[PDB]
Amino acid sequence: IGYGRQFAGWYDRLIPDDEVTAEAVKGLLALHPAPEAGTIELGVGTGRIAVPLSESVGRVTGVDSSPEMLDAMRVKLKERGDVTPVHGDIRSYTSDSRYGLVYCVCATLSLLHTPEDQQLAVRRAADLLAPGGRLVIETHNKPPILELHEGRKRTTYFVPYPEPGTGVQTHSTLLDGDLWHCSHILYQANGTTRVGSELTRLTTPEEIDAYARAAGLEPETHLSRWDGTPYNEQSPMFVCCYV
């Protein structure tokens, strides 16, 4: 889809290796039923999660459709981690292997724009589960985005980043079909800007439960935070787990 062509060169500046990353690694590790049964990440990106997670669970298999994102992770793998890169599309990727933990996080599933494509990805993810394995999906929570828009099709916001002179401006657009378009502009301390855009589908725990039931899975308790906080409509992300 070109998300890596939009972001791969600066993705780690947008979503850096900070405490939010550490919280996700800790939560996924706690949610792993059995590291000896293996781990696969759908949408591995630059390895922001897979690299540190592999330091606890061992080798992680990481699937991504973007050559640019995989190339960025390969650079990082020369220094850290134990990850097998797999170039593949999570709507189509099929294997004879099965895994104790299958995870798809940081709104990867919302980059699939139609219910049909999301349903297909959940079917493929379910087929990768070992018996007793767990599927973990994390994506952006929908109600807070609608609240942010407050009845307007377009809205703009700016998030200052820790380093002086840095931050990200987002131009947000709501579109028909529960679509959410963003253009993000990173402002760097050296005075340069980087622009990238993405189109996502606003997705809910209700919808993911239906995808998972169609794939033969049953839901576990929905979460608003990796620490086990139950789902609410205010948190920026949510986590759904299936067995």
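A residue's number is simply how far along the shown sequence it sits, counting from 1.
- Between 76 to 84 and 169 to 177, the higher mean Cα B-factor belongs to 76 to 84.
- Of the two segments examined, 96 to 104 and 156 to 164, it is 156 to 164 that shows the higher average Cα temperature factor in the deposited entry.
- Comparing the listed residues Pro205, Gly191, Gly47, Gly43, the entry records the largest Cα B-factor for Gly191.
- Sort the modelled residues of the chain by CA B factor and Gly133 lands in the middle third.
- Remark: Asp209 belongs to the lowest third of its chain, ranked by C-alpha B-factor as recorded.
- Among the modelled residues of its chain, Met69 has a C-alpha B-factor that falls in the highest third according to the deposited record.
- In the PDB entry, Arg91 places in the middle third of its chain by CA B-factor.
- Compared with the other modelled residues of the chain, the Cα B-factor recorded for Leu31 ranks in the middle third.
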